[PDB]
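Right, one structure below, let's go through it.
Letters A, B, ... mirror the listed sequences (proteins, then strands); counts begin at 1.
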Amino acid sequence: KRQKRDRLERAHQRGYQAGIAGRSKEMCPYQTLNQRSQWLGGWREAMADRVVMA
Amino acid sequence: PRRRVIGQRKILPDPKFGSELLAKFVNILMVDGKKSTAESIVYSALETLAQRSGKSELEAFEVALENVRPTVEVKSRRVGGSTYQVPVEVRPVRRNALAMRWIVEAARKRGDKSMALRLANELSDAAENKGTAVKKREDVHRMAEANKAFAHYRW
Amino acid sequence: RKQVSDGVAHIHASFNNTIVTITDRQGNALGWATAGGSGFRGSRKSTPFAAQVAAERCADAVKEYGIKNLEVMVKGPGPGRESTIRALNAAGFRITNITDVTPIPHXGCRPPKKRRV
Amino acid sequence: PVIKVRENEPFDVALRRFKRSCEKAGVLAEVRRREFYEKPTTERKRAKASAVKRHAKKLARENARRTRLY
Amino acid sequence: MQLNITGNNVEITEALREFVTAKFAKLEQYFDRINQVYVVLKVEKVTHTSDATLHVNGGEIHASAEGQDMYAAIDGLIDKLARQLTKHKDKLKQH
RNA sequence: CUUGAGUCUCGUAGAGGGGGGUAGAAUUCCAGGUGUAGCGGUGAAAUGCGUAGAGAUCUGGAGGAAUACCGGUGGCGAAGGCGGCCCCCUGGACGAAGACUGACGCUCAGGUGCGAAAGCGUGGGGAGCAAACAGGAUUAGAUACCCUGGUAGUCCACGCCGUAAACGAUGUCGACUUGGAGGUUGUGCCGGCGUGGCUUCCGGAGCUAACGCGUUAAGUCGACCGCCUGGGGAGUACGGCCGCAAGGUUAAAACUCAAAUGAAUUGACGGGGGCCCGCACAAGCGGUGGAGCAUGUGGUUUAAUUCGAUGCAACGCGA
Ligand SMILES: [Mg+2]
Ligand SMILES: [Mg+2]
Ligand SMILES: [Mg+2]
Ligand SMILES: [Mg+2]
Ligand SMILES: [Mg+2]
Ligand SMILES: [Mg+2]
Ligand SMILES: [Mg+2]
Ligand SMILES: [Mg+2]
Ligand SMILES: [Mg+2]
Ligand SMILES: [Mg+2]
Ligand SMILES: [Mg+2]
Ligand SMILES: [Mg+2]
Ligand SMILES: [Mg+2]
Ligand SMILES: [Mg+2]
Ligand SMILES: [Mg+2]
Ligand SMILES: [Mg+2]
Ligand SMILES: [Mg+2]
Ligand SMILES: [Mg+2]
Ligand SMILES: [Mg+2]
Ligand SMILES: [Mg+2]
Ligand SMILES: [Mg+2]
Ligand SMILES: [Mg+2]
Ligand SMILES: [Mg+2]
Ligand SMILES: [Mg+2]
Ligand SMILES: [Mg+2]
Ligand SMILES: [Mg+2]
Ligand SMILES: [Mg+2]
Ligand SMILES: [Mg+2]
Ligand SMILES: [Mg+2]
Ligand SMILES: [Mg+2]
Ligand SMILES: [Mg+2]
Ligand SMILES: [Mg+2]
Ligand SMILES: [Mg+2]
């Protein structure tokens, strides 16, 4: 409540969640290459996990 | 909350045994702002724990605490029409908070005369895997063990 | 009773369940377990964990026989399509060989209609 | 996707070979696809969407380099 | 479903009471867990109006309708709540 | 007369059509062996299948239907449509040089033929799928969606039907008018430079109500045909023709409304999407709902129970 959460971590978990829910890379809302790397990083980790879920 | 809460508080350690741990334990038992009343009730219990185990106080009250801390809890998560109970690690500080809460909760729910008696008995029983307090932990652990399959979701 | 040494482990990973059966190398069944039999039902039945149990509780269904070698032979798209291959390792077999044998028609028959929901 | 295990090869190197074996043979894609019958109109209408997208994935790699942020 | 009637510039007779109660008894078939509900009837110049508010199991549903009579107002109102109640149910029985 | 139209000569590419063979994958069944308690299915379940031995796994046999990969905003056809491999019959297009005919052309009411899927007739066939139908669920109900089965039908031969958002919602033929990036198929001359056909995307002038179209025009013109004339009533009724039937085709009126419509604009809304917040959830602490009493309100009561405040934002409120 007093201070904003880590932007990189949040960006990595937003990436994961679009991942699992099956959106396309290139929905990524970041052009800040730093946050972008976190977003895709999550999105690709999530692509692995979808396989073993139903 | 959505942002991060900044500024953790400062528990002063116990006047007697000079422990932040026991100081927390008082607050948890404390009711309606009556810190002194709680301070009494606590020491008189440890007396009567010490006077039977004969194993110090800040070292006896501990042994109760170890018999009852959980290591894995369950979080609920709505999936389809159903609700998935899912097992998660417990944070060290959390499993302190839970042990101390379950001990207090178990104490009050007894028929003994003083509060001090109830606490004492409960802490003793805790040390020999016995009371409701320790029953509760067992049950928690049973549930997380049951639905282990949902260990690795992130959902 | 008659010891073997060299076996093969078929794994049938459906979306709803995971059957696993050890057989001699002429395909004669020796033991088997499932997620359904392992003690999981519905939501749980269809997980990689429930499939893991199956594999290892099928491993201690074939102690009677010799052991060492085991060529795994996996079929279907279920979640039980590795957690088993893992479990057989720590069960203490040596996996010489491992192959997807998921059947695919080269056209074949008309699949069922698509689910509206 | 038929990997034999090599001399002294760790299990968790065979396994990852085996995974990558059928990733590149695209098995689960094929099975996923044939779970249900798609009308030949639907299949063919999918094929256009793929095309009108791929095409516009030979546009960003050009046009962005022309424009500029901040 | 516990009911309550008001009248802001209207005398609640024992048609308008009996009538309104019967009309509201339907709503329970759209959602079984209705609790207390308050009804209000108005007459301002020429406009007849009827609003109700419905405490339900995890919600609060409200609508108001205007008729040329109060009966026609209440007729209108019951059609409005029906739709809202169904919407509610369906986003709980959501499997 | 040779520029439009056509004929011959040499080649090219192609799921163009018709007939007959055949090969591998898979599903279902039947018969064996192994083996033992569950399988199957769903959001969750149940019906169903299984100790009369299923499911799983291996071997042998039968039978039908469709042809993974190649495969592409690829190719062919008047359109509908056409996809394994191999022979037999057969149509069209395109190019390179030459020769030949000499306006033999374009369009076309009536007419004639082809015409997806469903459907109909006769005789076959029947793996998978699946209207109807039956059972299980869900729900206030659920003649549905979801699950378990499953008959016509889907397949072959011959004959009917003549319809589809049969669509580029864009008739056919010819001429003319800035460009760019591709795909596919010929052929010149030196892996560069030309010259043909078909095709995909983008855009200029112009055009358009706008959206958009843009040398494959919805631009600029010429030739012929088809069709429209406010919305409902109605592509319906009556009549004729066609059909075994289902039905198709041609095609009104009374009555009634002052609108009905197209494209674009600002908002609002979505059981649409993205991103951020909030005692919103989560983590917690103490309560209200039960009792007695205080107090306000509704109701009833009254001679009068003064008047006002009424979802959130009236009900210890004006007082
Ligand atoms: Mg199915
Ligand atoms: Mg009505
Ligand atoms: Mg066979
Ligand atoms: Mg001459
Ligand atoms: Mg004609
Ligand atoms: Mg005709
Ligand atoms: Mg037909
Ligand atoms: Mg019939
Ligand atoms: Mg027939
Ligand atoms: Mg027949
Ligand atoms: Mg079926
Ligand atoms: Mg069905
Ligand atoms: Mg039924
Ligand atoms: Mg034939
Ligand atoms: Mg025929
Ligand atoms: Mg028509
Ligand atoms: Mg038309
Ligand atoms: Mg032209
Ligand atoms: Mg254009
Ligand atoms: Mg034109
Ligand atoms: Mg126009
Ligand atoms: Mg009309
Ligand atoms: Mg007619
Ligand atoms: Mg007629
Ligand atoms: Mg007749
Ligand atoms: Mg409009
Ligand atoms: Mg919104
Ligand atoms: Mg809470
Ligand atoms: Mg509470
Ligand atoms: Mg009460
Ligand atoms: Mg009370
Ligand atoms: Mg009053
Ligand atoms: Mg007044």
Is it the case that the side chain of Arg5(A) and the backbone of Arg2(B) share a donor-acceptor pair, with hydrogens and angles ignored and the cut-off at 3.5 Å?
yes

Judged by atom type as modelled, is there a donor-acceptor pair below 3.5 Å linking the side chain of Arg137(B) to the main-chain atoms of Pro70(B)?
no

Is the base of [N] syn or anti, if syn means a glycosidic angle within 90° of 0?
{"N": "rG72(F)", "value": "syn"}
{"N": "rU305(F)", "value": "syn"}
{"N": "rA280(F)", "value": "anti"}
{"N": "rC104(F)", "value": "syn"}

[X] near the nucleic acid: base, sugar-phosphate alone, or nothing, with a heavy-atom cut-off under 4.0 Å?
{"X": "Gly42(C)", "answer": "base"}
{"X": "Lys26(E)", "answer": "nothing"}
{"X": "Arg33(E)", "answer": "nothing"}

Report yes if a donor N or O on one partner sits less than 3.5 Å from an acceptor N or O on the other, where the partners are the side chain of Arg41(C) and the base of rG40(F); otherwise report no.
yes

Base pairing of [M] with [N] (Watson-Crick or G-U, both distances under 3.5 Å):
{"N": "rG113(F)", "M": "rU42(F)", "value": "no"}
{"N": "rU266(F)", "M": "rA152(F)", "value": "no"}
{"N": "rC285(F)", "M": "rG150(F)", "value": "no"}

Distance below 4.0 Å between [X] side-chain N/O and [N] OP1 or OP2:
{"X": "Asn16(C)", "N": "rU42(F)", "value": "yes"}
{"X": "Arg57(C)", "N": "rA37(F)", "value": "no"}
{"X": "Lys1(A)", "N": "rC279(F)", "value": "no"}

Six-membered ring stacking of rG41(F) and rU42(F), under 5.5 Å, under 30°
yes

Are the six-ring centres of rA251(F) and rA252(F) nearer than 5.5 Å, with the two ring planes set at an angle smaller than 30°?
no

Under the side-chain contact (heavy atoms from CB on, under 4.5 Å) test, which residues partner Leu33(A), sequence neighbours left out?
none

Using whole Å, report how far CZ of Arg116(C) lies from P of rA142(F).
20 Å

Between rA127(F) (P) and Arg110(C) (CZ): distance, integer Å:
18 Å

Residues forming a side-chain hydrogen bond (donor to acceptor under 3.5 Å, both in side chains) with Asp32(E), sequence neighbours excluded
none

Salt-bridged, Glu71(C) to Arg25(C), with N to O below 4.0 Å?
yes

Does any nucleotide pair with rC173(F) by Watson-Crick or G-U wobble geometry, both distances under 3.5 Å, and what is it?
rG222(F)

Nucleotide paired to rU200(F) in any strand shown, Watson-Crick or G-U, under 3.5 Å
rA181(F)

